[PDB]
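Below: the structure, in C-alpha cells.
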Amino acid sequence: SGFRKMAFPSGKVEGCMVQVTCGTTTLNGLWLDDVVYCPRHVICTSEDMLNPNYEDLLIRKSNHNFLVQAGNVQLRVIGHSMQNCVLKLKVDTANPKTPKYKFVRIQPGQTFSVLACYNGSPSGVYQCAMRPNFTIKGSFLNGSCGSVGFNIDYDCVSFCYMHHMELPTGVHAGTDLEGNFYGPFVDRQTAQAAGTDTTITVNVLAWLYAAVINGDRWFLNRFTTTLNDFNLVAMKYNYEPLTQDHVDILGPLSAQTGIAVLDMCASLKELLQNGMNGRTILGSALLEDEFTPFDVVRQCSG
Amino acid sequence: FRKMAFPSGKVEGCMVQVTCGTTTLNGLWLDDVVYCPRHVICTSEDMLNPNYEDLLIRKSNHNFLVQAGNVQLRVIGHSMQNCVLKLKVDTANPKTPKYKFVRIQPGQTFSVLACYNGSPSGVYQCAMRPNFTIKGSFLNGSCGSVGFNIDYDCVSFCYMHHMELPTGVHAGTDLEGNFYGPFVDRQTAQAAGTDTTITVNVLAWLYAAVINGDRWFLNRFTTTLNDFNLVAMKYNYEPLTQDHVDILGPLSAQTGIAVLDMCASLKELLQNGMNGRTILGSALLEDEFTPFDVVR
C-alpha cells in the first residue's frame, strides 16, 4: 500500500501545552488565550478517586492551590471553574502562541491527531480514529491526561479530544473540550468496560474509493442497492449503518471516480457476503476502517 | 502501542519555499543558510540529464527566490555540496533549534515532516530500508521535506527528500547531500536493490505483541544464533548480530522470553506462515519499529 497514517504537524498545539499540579497529581493542560483547560480529576487524591465528589472537592480549592507551569515558569491562577469534566483555570497571562482555534465534538469514525504529553512536554504525535464504542486506540502512559486530539484546517486548530482514562482492554477514553465524555464513561477509578465495537463502514467505503483511484478495482460489481437494504445487511456483519451525512461526505470521492455511493455499497456487500476469494485490495486481505474520506483526499490527491 | 512521530514544531519553524524559474520545492532554514535539493535549478528539460556544475555556474543569487511565509529572504551567497544547495541569506532564522546533521544506518527510524510550498502538511515515521529506500507519502512538490529525530531539544536531521522510484518508494540524501542508496538526481527510471526485512526490528515488534498479550505464535522450541541466521538468510531477512541480541536485552528481561527463544518463534513464522491469523492487528510481520521505538 502507498497509504500512511499521517498526523497533522503538531507545532501549533505544542505551543499550548502546560502542566497543572494539585497536591501531588500532575497532568497536562491546554493554554489558550488566558485560560488553561485540564481534566478535573487533577483535584482528586487517592482517597477520593473511587467516587469523588467533584463539587465538594472543588469547594475546598482556591486559586492558590493550583500550580500551572509552562516549562518551569509558573503562571499565576486568577480564577477557576468546572465545566462538566474539565477544569478551566484563568491565568494572568494570555498565551502569545495561541493559534486560531475552535472546540468541536466529533462523531465516531472521524480521525484526529493526538499530541501525547507528559509533564507539559510534548513527546509524540499520531493519528487516532474514534471507534463506534467511543474509545480510541492510543499510546498513553501515566501522566498523559490532558493531552489533546485535534485537526487543522487552513491554520485553524479544531480541538476535539482531551485524554482522561484507560479502560480494562487497554483502549482510551476522554472528553471534548467542553468536558463532556465521548461514550458512557465517568471519571472515577472504577472498572468500566468498552462496549462491543463495530466496523466504521463510511471509512471502509473511503478506502475502496482510494483503491479505485489507484487502479485496483476488481471488486466493482454490476449491482446497486438501497441505503436501507444495505444498512440492514451491514449490521448483520457488525458494520455500522450509514447516515445521510456519511453518504454526503463520500460525495467528492464518488465524483472523482464516477462510482455512485450506492454502487460502492453493493460492492462492499458482496465482499461481506462472499469474502475476498483470496484476492487483495491495495495489497491487503484486510479492509481498513481508520481512513476517512478526508484522509483519502488529503493523501491521494493533495 | 503504535507508530508515533516526534513533535514537529521545532522543524516547522525552519521550513521555507525555494523557487528557481518554474521549479518550486522546500528548503530548510538554519541560522543564515537554506538547504534544499539542488535539482531546484533544473528546468524540466534539464532534469532529463543535468550537468549540475554547468547549470549552477549559469545561476546568480537573484535567480533564487526564497520565501519564509510571505516574507522574501534575500540570497547573498550560494554553493553546492553534493546533491544539496546551500543558500546564504541576509537573515538568521530566529527559530533555529539546537541541531545536528547525522547520517542514519539502515533499519533506523525517523520522523518525516512532509511539506508543500514551504508549508508543513503531515508528520509520520519512516525507516531507512536495507536497500536504502523509504516507504513514505510524498507528492509533487514535496522535495526538500526533511526527516529527523529529537533528543532532549536537539533535532538530528538525517534525510532530505529528492525522488520517487517506479515502485512508489522514495529516495533522498543526508544533509551533506549524499544519497542513501545507488540513486542519482536525474529524471530517469531507477530500480533499487532487492529489499530485505529488518530482523532486529521484527523481533522488537514481536516482543511488543507479547507484552500486549498476543502470544499465539510463541513456542517452547529454541535455536542457536547461527541456525537462526541460516533461516533468516533463506527468507531474505537481514542477519541478527550479537549486538542486536544485546540491544533486545531490556525487552527480553521485561518479558520472560530469551532472545533466542523469540528467534525460534520467528523461524516458525517464516517457515509455516501466519495462517490467516494476525499479530498486533497486522496480517504481516512489521519491521519498522526499532528496539528503542518499542521501549518508548
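Throughout, protein chains are lettered first and strands after them, A, B, ... in sequence-line order, and every chain is numbered starting at 1.
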Just verifying a value: how many Å separate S137(B) OG and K5(A) NZ, rounded to the nearest 0.5 Å? 12.5 Å

Between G124(A), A7(A), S113(A), who has the most heavy-atom pairs with chain B when the cutoff is under 4.5 Å? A7(A)

Return the OG to CG distance between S119(B) and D155(A), rounded to the nearest 0.5 Å. 7.5 Å

Is there a donor-acceptor contact under 3.5 Å from the side chain of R4(A) to the main chain of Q125(B)? yes

Separation between CD of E14(A) and NZ of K10(B), rounded to the nearest 0.5 Å: 6.5 Å

Tell me, side chain or backbone of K3(B) under 4.5 Å from chain A's heavy atoms, or both, or neither? both

May I ask you to list the residues in residues 271-281 of chain B that approach chain A closer than 4.5 angstrom, counting heavy atoms only, ordered by number? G281(B)

Restricting to non-hydrogen atoms, name the atom on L113(B) and the atom on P9(A) that form the minimum distance, rounded to 0.1 Å. CD1-CB, 4.1 Å

With rounding to the nearest 0.5 angstrom, report the OH to CZ distance, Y126(A) to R2(B). 6.5 Å

How long is the straight-line distance from OG of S123(A) back to CZ of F6(B), given to the nearest 0.5 Å? 9.0 Å

Atom pair OG (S284(A)) and CG (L284(B)), whose distance is rounded to the nearest 0.5 Å: 7.0 Å

